[PDB]
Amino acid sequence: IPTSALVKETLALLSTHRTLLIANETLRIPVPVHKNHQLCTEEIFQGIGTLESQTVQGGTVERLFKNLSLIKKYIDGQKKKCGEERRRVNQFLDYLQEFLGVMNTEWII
């Protein structure tokens, strides 16, 4: 039960059950108005939950929502790995340069 190949099979699942999932046309789910995806895990997986709590728990559909649930706890795993290892000043500032550098190069602003 790995992770790095979950997404590959998970995305492929979403490509099929799309027509089934988008059958609910009254349902409104929070969608970020920006393209910095990783800042919005709490809202994305809360949306996945609401979409789960309003979907016919079918056959190949019910697997998608566990794979999404499994991906969450990998993300939940990485989250606590952000702040439980205290290291020496200044390895923190080293990390900060990269952080601000990424925001400068990668992010849309």
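One rule holds for the numbers: they count along the sequence shown, beginning at 1.
Asker: Higher mean Cα B-factor in the deposited model: 21-29 or 6-14?
Answerer: Looking at the record's C-alpha B-factors, the answer is 6-14.
Asker: Look over 35-43 and 71-79 in the entry and identify the one with the greater average Cα temperature factor.
Answerer: 71-79 has the higher mean C-alpha B-factor.
Asker: Mind checking which third residue 51 falls in for C-alpha B-factor across the chain?
Answerer: CA B-factor rank for residue 51: lowest third.
Asker: Taking the chain's C-alpha temperature factors as the reference, tell me which third residue 102 falls into: lowest, middle or highest.
Answerer: For residue 102, the deposited C-alpha B-factor lands in the middle third.
Asker: Which third, lowest, middle or highest, does the C-alpha temperature factor of residue 93 belong to within its own chain?
Answerer: It falls in the middle third of the chain.
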